[PDB]
Amino acid sequence: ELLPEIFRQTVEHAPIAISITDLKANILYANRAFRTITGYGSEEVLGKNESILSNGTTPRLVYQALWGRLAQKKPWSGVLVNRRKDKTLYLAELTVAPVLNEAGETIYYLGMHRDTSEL
Amino acid sequence: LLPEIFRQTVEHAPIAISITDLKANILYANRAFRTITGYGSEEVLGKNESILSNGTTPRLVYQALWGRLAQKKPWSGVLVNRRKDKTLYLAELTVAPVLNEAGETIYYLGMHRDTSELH
Ligand SMILES: Cc1cc2nc3c(=O)[nH]c(=O)nc-3n(C[C@H](O)[C@H](O)[C@H](O)COP(=O)(O)OP(=O)(O)OC[C@H]3O[C@@H](n4cnc5c(N)ncnc54)[C@H](O)[C@@H]3O)c2cc1C
Ligand SMILES: Cc1cc2nc3c(=O)[nH]c(=O)nc-3n(C[C@H](O)[C@H](O)[C@H](O)COP(=O)(O)OP(=O)(O)OC[C@H]3O[C@@H](n4cnc5c(N)ncnc54)[C@H](O)[C@@H]3O)c2cc1C
């Protein structure tokens, strides 16, 4: 073993925005980069849905594509315009991936994104 | 969330992540690392990070990175790495000590992005 608790610490400080959600997309965990990019804090992010990031201007068919891959237990990648807490907007390169149990069943989702702005 | 979920998170993160012993032998590499560097899941666990080195990168960069890690401090900068297929890529790399509860180094962590577009 690598000591197992090094993985959480690695997530926490990785320089990519990372959230982990239940099957509803309610946020169970978010790392520091997520907090820095999106603007939401440590206590306030928990239990909110990912949709909080949408500047309600993403076409429904982008999301349909994202959820369509998830329902097939496959990852998806795309770009979308997200909104920070301060209402500024950024082009997000988003990957979402299912976490599968031994049986091949989805038990969480991983949301992992970069903010592609150069300021 | 159990530690396995964070290991899965690291494994699927869209940034190269490697964890090494204190002489930079790779003990763990995620999918992005293996894809970017060209080393597969078995052979990469017999490599050292030095297999990425190459002469486009000034040697003082390697001295810089080590001089910070040995102080228990991170280093962030840029270097040119060599893949298994012998192509080269400009990487933006952060390395950090992984510390136990007494503040002593137990592993090193590397996280990098591949800035290439023509590979
Ligand atoms: C891990 C993860 C990360 C995500 N990151 C983002 C992000 O960074 N930015 C962002 O805008 N959104 C993100 N989402 C998608 C987000 O959860 C919402 O579905 C989305 O923002 C649209 O929500 P709405 O309330 O605006 O539209 P809604 O009308 O609620 O959803 C729009 C469409 O998405 C699909 N859909 C929504 N909910 C579900 C469901 N539970 N199951 C199957 N299909 C569904 C449907 O096609 C629906 O028409 C992420 C989801 C996951 C799981
Ligand atoms: C986590 C991590 C990630 C790294 N990522 C990269 C990367 O992406 N690209 C890259 O080219 N290099 C990377 N390095 C640096 C790498 O360890 C080498 O220093 C570098 O590749 C030059 O290799 P070299 O053959 O000239 O070996 P030298 O640096 O000459 O060192 C000789 C050998 O000893 C090891 N080493 C070097 N310094 C020390 C020391 N102070 N203590 C013990 N062992 C040491 C080296 O890795 C190598 O195996 C990373 C190092 C670490 C710890």
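Just so you know, these numbers use all the heavy atoms, side chains as well, and skip hydrogens, waters and symmetry mates. Letters A, B, ... mirror the listed sequences (proteins, then strands); counts begin at 1.
In summary, the side chains of A:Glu50 and A:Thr21 do not present any donor paired with an acceptor at a separation below 3.5 Å, with no hydrogens or angles considered.
Between B:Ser50 and B:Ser53 the shortest heavy-atom distance is O-OG, 2.7 Å. The shortest non-hydrogen separation linking B:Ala29 to B:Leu45 is N-CD2, 4.5 Å. Listed here is the closest heavy atom pair of B:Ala13 and B:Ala32: O-CB, 3.7 Å. In this structure, A:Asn26 and A:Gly47 approach most closely via the heavy-atom pair OD1-O, 3.9 Å.
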Inset, instruction - Show the numbers, then the answer: is there a side chain to side chain contact (heavy atoms under 4.5 Å, CB included) between B:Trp66 and B:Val95? - result: CA-CA 9 Å; B:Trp66 279 103; B:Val95 293; over 6 Å; no

Inset, instruction - Tell me, with the steps shown, if B:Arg34 and B:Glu42 meet salt bridge (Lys or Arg N to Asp or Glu O under 4.0 Å). - result: CA-CA 10 Å; B:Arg34 295 171 344 244; B:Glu42 300 172 317; over 6 Å; no

Legend entry - side chain to side chain contact (heavy atoms under 4.5 Å, CB included) assessment of B:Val78 paired with B:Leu90: CA-CA 7 Å; B:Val78 288; B:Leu90 183 62; 4.2 Å; yes

Inset, instruction - Tell me, with the steps shown, if B:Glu11 and B:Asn30 meet side chain to side chain contact (heavy atoms under 4.5 Å, CB included). - result: CA-CA 4 Å; B:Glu11 183 71 12; B:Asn30 76 346; 4.2 Å; yes

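The CD1 atom of A:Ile20 sits 7.5 Å away from the CZ atom of A:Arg8 when rounded to the nearest 0.5 Å. Rounded to the nearest 0.5 Å, atoms CG (A:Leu53) and CZ (A:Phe34) are 4.5 Å apart. Separation of atoms CZ (A:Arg84) and OG (A:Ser117) is listed at 5.0 Å; rounding is to 0.5 Å. Distance CG/B:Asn100 to CD1/B:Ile106: 5.5 Å, rounded to 0.5 Å. To the nearest 0.5 Å, atoms CD1 (A:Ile16) and CD1 (A:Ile18) are separated by 6.5 Å. The distance from the OG1 atom of B:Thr9 to the OH atom of A:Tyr29 is 8.0 Å, given to the nearest 0.5 Å.
Residues passing the side-chain hydrogen bond (donor to acceptor under 3.5 Å, both in side chains) test with B:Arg82, sequence neighbours excluded: none. Contacts of B:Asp85 classified as side-chain hydrogen bond (donor to acceptor under 3.5 Å, both in side chains), with partners at least two apart in sequence or in another chain: B:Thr87. B:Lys84 meets the side-chain hydrogen bond (donor to acceptor under 3.5 Å, both in side chains) test with B:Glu43; sequence neighbours excluded. With sequence neighbours left out, B:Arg68 forms a side-chain hydrogen bond (donor to acceptor under 3.5 Å, both in side chains) with no residue at all.
Panel note: side chain A:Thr95, backbone A:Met112; a donor-acceptor pair is recorded below 3.5 Å. For the pair A:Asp22 (side chain) and A:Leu28 (backbone), a donor-acceptor distance under 3.5 Å is absent. Of the possible donor and acceptor atoms, none in the side chain of A:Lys73 sits under 3.5 Å from a partner among the backbone N and O of A:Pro98. Not one N or O on the side chain of B:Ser18 forms a donor-acceptor pair closer than 3.5 Å with the backbone of B:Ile26.
The shortest distance between side-chain heavy atoms of B:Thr115 and B:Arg113 falls below 4.5 Å. Between B:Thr105 and B:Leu22, some side-chain heavy-atom pair lies under the 4.5 Å cut-off. Looking at heavy atoms from C-beta onward, B:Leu1 lies in side-chain contact with B:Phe6 at the 4.5 angstrom threshold. You'll find the side chain of A:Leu110 reaches within 4.5 Å of the side chain of A:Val99, heavy atoms only.
Connection of B:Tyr108 to B:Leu99 is not established within any shared hydrophobic cluster, with ILVMFWY side chains joined at heavy-atom distances below 4.5 Å, either directly or through further cluster members. The cluster map of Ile, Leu, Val, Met, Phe, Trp and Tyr, joined by side-chain heavy atoms under 4.5 Å apart, puts B:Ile5 and A:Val11 in the same cluster.
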Show every donor-acceptor pair shorter than 3.5 Å between a side-chain atom in residues 55-65 of chain B and any protein atom, with sequence neighbours excluded, or say none if there are none.
residue	atom	partner	partner atom	Å
B:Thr57	OG1	B:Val80	N	2.9
B:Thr57	OG1	B:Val80	O	2.9
B:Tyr62	OH	B:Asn54	N	3.4
B:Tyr62	OH	B:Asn54	O	3.4

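For residues 77-104 of chain B, every residue pair satisfying the ring pair (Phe, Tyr, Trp, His ring centres under 6.0 Å) rule, not counting sequence neighbours, is listed here: B:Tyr89-B:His112.
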